[PDB]
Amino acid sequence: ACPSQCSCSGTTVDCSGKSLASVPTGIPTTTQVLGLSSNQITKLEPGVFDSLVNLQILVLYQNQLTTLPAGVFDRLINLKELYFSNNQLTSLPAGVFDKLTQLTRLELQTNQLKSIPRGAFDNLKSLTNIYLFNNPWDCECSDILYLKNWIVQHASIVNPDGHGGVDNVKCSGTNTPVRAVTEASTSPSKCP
């Protein structure tokens, strides 16, 4: 059955724009597309998505999330697209994307991210487009070096489709490109 606060169309569950603070309980396990955008979600509980083994698209755009619980996406082995822009994310858990081998699209723009955990994208061997602009990347901290190395390596897939490319991943304050950060200019002690 469709959750009372959402609208359902086939295997798509549209819970967007309903002033929700919580993900509904009892989303059908056959769901392939889950829209949660434009709500009031500030915190996801551990395991909130574990049932959604058939999910291919997850939309969390325009909420107020600041962190994620460890393992939150681990059961989403069929995910192809993750739309997580326009939240307030300040960090990502280690390993958070490790199970998303089919992911082609990852949207992280317009958050509060300072760095990406080392190796976070290691298993994303289908990824064709990632968005990272409009985050206050902390280029004084040595934690930035993985992101720098990864965007330099994979420059063609960063911020495509008119979003400024690899150069639009910018250091907070100085506004210089993250891709130009040198190891010697960073410090492990200048890390919040």
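The first residue of the shown sequence is 1; numbering continues from there.
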Read off the CA B-factors in the entry, average them over 16-24 and over 180-188, and name the higher stretch. 180-188
Mean C-alpha B-factor comparison - 94-102 and 79-87, higher one: 94-102
Kindly indicate the residue among 62, 149, 29, 134 with the greatest C-alpha B-factor in the PDB record. 29
Would you mind checking which of 33, 36, 70, 48 has the top Cα temperature factor in the PDB entry? 70
Please say which third, lowest, middle or highest, residue 139 falls into when its CA temperature factor is compared across its chain. highest
Select lowest, middle or highest to describe the third in which the CA B-factor of residue 154 falls within its chain in this entry. lowest
